[PDB]
Protein chains: 2
Amino acid sequence: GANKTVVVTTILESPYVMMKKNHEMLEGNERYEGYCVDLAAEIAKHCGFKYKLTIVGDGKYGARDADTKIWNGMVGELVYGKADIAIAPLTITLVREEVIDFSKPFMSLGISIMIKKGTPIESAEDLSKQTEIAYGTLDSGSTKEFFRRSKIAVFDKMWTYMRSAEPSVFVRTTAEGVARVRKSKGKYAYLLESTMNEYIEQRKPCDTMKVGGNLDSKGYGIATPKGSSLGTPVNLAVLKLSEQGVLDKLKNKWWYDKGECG
Amino acid sequence: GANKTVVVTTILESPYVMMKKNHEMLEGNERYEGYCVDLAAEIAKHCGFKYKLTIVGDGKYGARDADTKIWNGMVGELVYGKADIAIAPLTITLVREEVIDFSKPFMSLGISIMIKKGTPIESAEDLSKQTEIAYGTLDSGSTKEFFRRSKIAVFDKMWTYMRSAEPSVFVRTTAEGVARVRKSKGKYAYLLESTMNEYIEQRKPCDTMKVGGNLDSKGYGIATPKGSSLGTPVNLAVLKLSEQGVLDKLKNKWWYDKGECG
Ligand SMILES: NCCCNC(=O)c1c(NC(=O)Cn2nc(C(F)(F)F)c3c2CCCC3)sc2c1CCCC2
Ligand SMILES: N[C@@H](CCC(=O)O)C(=O)O
Ligand SMILES: N[C@@H](CCC(=O)O)C(=O)O
């Protein structure tokens, strides 16, 4: 039938999507800025659609409830027909691939360790072999699932600790994880995606550090409801933007051009 | 109908697929070893198919002839129905995505510079601004197309030079490119994927170096004829192998465990 306004689900996660400081003075898509705001504009231009940016109601990435089997977050939005596409730092995983479609990756990342500067930790092995420094992850996302599912001794050991740590080591948002690292005098390390870790390392007050190598290697994809006719042109648009250098240019724009730590 | 033997196209490219030294004494799949030999076995196990490894007839990755519009290499094999799947270091590109299917990436890479040790070159910018050191790429693959298509000043300048350099700076195989770097007393630099570059840097006689950062960021995918029912389970198998750490384990096996330079 007639072209419709494509409803885009995304998440408030810096520097992917952020409220403009003058957002009260603005309407619709103009309220927001960031990497994924720019990316949504590029994808829409190349695929020739009109779109509305919306922030996921529950503020989550997406996980299936073990009891209800219901998906929450942006993944839920797609599965239950509440959004047409997700343009966000949404990690490509086996369990999600079964229920939604993903483009080829538009950005790579791996799980990584964030410490307050001078914390005596170099690696996941270090974290696993001590108790004084607590560590955890975001809940409802791919990092938590990684540890939950891992057969690898060090990661299995970390999971056994985190799942029963008191008080809880899990956080509701990335900004919470960062706030805990900053305020815990080095007694909390935060396990998060290297992309978010590298962005925060370039933000005032420049008191955090990404340490050691990444624990895994993967990517974010643009997601669509399974079988959506949008998936094909969106995937081809991601490949063009990659091959044109536009994705690299957008990463430089939002991570390093505006970087606050020198 | 009945299950059939899946015909796998691949390429002799170290350490992805190599002849076993005792290959004369062996039959069928047992002739070969390498990262992609191991990967093919894993994919086949998880998807439950029997398969025959074959080496692409023309020894190429795949390009479309500007005049005939005919695809050569492994891409051609898939397009014209001569193979059922390609399990090789085959780069995901826009032009290929239009005519074949690709899984999510099983390995990441970017274009990179290989020099003989002590060559006074640090970057693509350095290469572009001098003439004494010749440089080129593999023909019939994604690296050559990258330079051909690039709008980026430095890469555009490199392409203008390479396309008309005499004698020719392009090579038929990776091993040729390496042999030219090694034998040219530092007067030839070779532009190749960081994966191949990093493997050769760990092989005797340890006389080559990867220099500077990568020029782009992308990945290899397992490829199938467009619409093949094989694409779905193969893609899911790649995600499992990624999430299990098996892909990382296979990279360590073939690059670094056996590494010859310390
Ligand atoms: N080391 C274990 C697996 C290695 N993994 C990958 O390379 C890998 C990924 N790699 C990448 O995304 C690298 N990568 N691949 C591409 C692509 F798709 F080839 F064009 C692009 C990028 C980065 C920039 C945009 C274009 S995504 C992903 C995996 C495995 C799990 C699923 C999601
Ligand atoms: N990108 C992750 C969220 C962040 C994290 O889990 O570290 C996801 O899509 O679930
Ligand atoms: N992986 C490349 C070949 C190697 C190169 O072009 O550097 C391709 O699929 O075409």
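We count ligands from 1, going down the list as the structure has it; atoms in each ligand are counted the same way. Quick note on labels: first sequence line is chain A, next is B, and so on, each numbered from 1. Any value given below was found using the heavy atoms of this structure, including those in side chains, with hydrogens, waters and symmetry copies removed.
- Counting atoms of ligand 1 from 1 in the listed order, those under 4.0 Å from a heavy atom of B/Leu247 are 2 (C), 3 (C).
- Residue nearest to atom 5 (C) of ligand 3, selected from B/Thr143, B/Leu192, B/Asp139: B/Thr143 (by heavy-atom distance).
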_Set out, in order, the CA-CA distance, both residues' side-chain angles and the distance that settles salt bridge (charged side-chain N to carboxylate O under 4.0 Å, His left out) for B/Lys151 and B/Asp156, then state yes or no._
CA-CA 6 Å; B/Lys151 283 201 197 141; B/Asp156 179 299; over 6 Å; no

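- The side chain of A/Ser242, and not its backbone, has at least one atom closer than 4.0 Å to an atom of ligand 1 (non-hydrogen atoms only; side chain from C-beta on).
- Under a 4.0 Å criterion applied to the non-hydrogen atoms of B/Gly141, ligand 3 contributes the atoms 6 (O), 10 (O).
- With a 4.0 Å heavy-atom cut-off, ligand 1 is reached by the backbone of B/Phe106 but not by any atom from C-beta on.
- In this structure, B/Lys251 fails the cation-pi test against B/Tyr35, since its NZ or CZ atom is not both closer than 6.0 Å to the six-membered ring centre and inside 45 degrees of the ring normal.
- If you number the atoms of ligand 2 from 1 as listed, the ones under 4.0 Å from a heavy atom of A/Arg96 come out as 8 (C), 9 (O), 10 (O).
- Distance from atom 27 (S) of ligand 1 to its nearest protein heavy atom, with residue and atom name: A/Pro105 CG, 3.1 Å.
- Those atoms of ligand 3 that come under 4.0 Å of a heavy atom in B/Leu90, given as number and element, are 9 (O).
- For A/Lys104, no nitrogen or oxygen atom sits less than 3.5 Å from a nitrogen or oxygen atom of ligand 1, counting backbone and side chain alike.
- In this structure the side chain of B/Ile200 reaches within 4.5 angstrom of the side chain of B/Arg203, judged on heavy atoms.
- With a 4.0 Å cut-off on non-hydrogen atoms, B/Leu239 touches ligand 1 through its side chain and not its backbone.
- Listed for the B/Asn214 side chain is no donor-acceptor partner under 3.5 Å among the backbone atoms of B/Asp216.
- Of all protein heavy atoms, the one closest to atom 2 (C) of ligand 1 is B/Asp248 OD1, 3.1 Å.
- By the 4.0 Å N-to-carboxylate-O rule, A/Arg149 lies close enough to A/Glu145 to be salt-bridged with it.
- Some N or O of B/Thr91 is nearer than 3.5 Å to an N or O of ligand 3, by distance alone.
- A donor-acceptor contact shorter than 3.5 Å links the side chain of A/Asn235 to the backbone of A/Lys104.
- At a heavy-atom cutoff of 4.0 Å, ligand 3 is contacted by both the backbone and the side chain of B/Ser142.
- Residue B/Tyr220 has at least one heavy-atom neighbour below 4.0 Å for each of these atoms of ligand 3: 1 (N).
- When atom types are taken as modelled, the side chain of A/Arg64 and the backbone of A/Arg96 share no donor-acceptor pair closer than 3.5 angstrom.
- Only side-chain heavy atoms of A/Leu138 come within less than 4.0 Å of ligand 2; its backbone N, CA, C and O stay farther off.
- Looking at A/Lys253 and A/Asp38, a side-chain N of the basic residue comes within less than 4.0 Å of a carboxylate O on the acidic one, giving a salt bridge.
- Residue contacts with ligand 1, taken as heavy atom pairs separated by less than 4.0 Å, do not involve B/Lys251 at all.
- Ranking the protein heavy atoms by distance from atom 23 (C) of ligand 1 puts B/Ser217 OG, 3.6 Å first.
- Those atoms of ligand 1 that come under 4.0 Å of a heavy atom in A/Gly219, given as number and element, are 27 (S), 28 (C), 33 (C).
- You'll find the ring centres of A/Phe146 and A/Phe155 inside the 6.0 Å limit.
- With ligand atoms numbered from 1 in the order given, ligand 3 contributes 3 (C), 8 (C), 9 (O), 10 (O) to contacts under 4.0 Å with heavy atoms of B/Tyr61.
- Closest approach of A/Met162 to A/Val169, counting heavy atoms only: O-CG2, 3.5 Å.
- Between atom 15 (N) of ligand 1 and the options A/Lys218, B/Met107, B/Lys218, the minimum heavy-atom separation is to B/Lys218.
- The six-membered or imidazole ring of A/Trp71 lies away from that of A/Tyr61, with a centre-to-centre distance of 6.0 Å or more.
- Judged by distance alone, with hydrogens and angles left aside, the side-chain atoms of B/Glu97 form no donor-acceptor pair with the main-chain N or O of B/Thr93 at under 3.5 Å.
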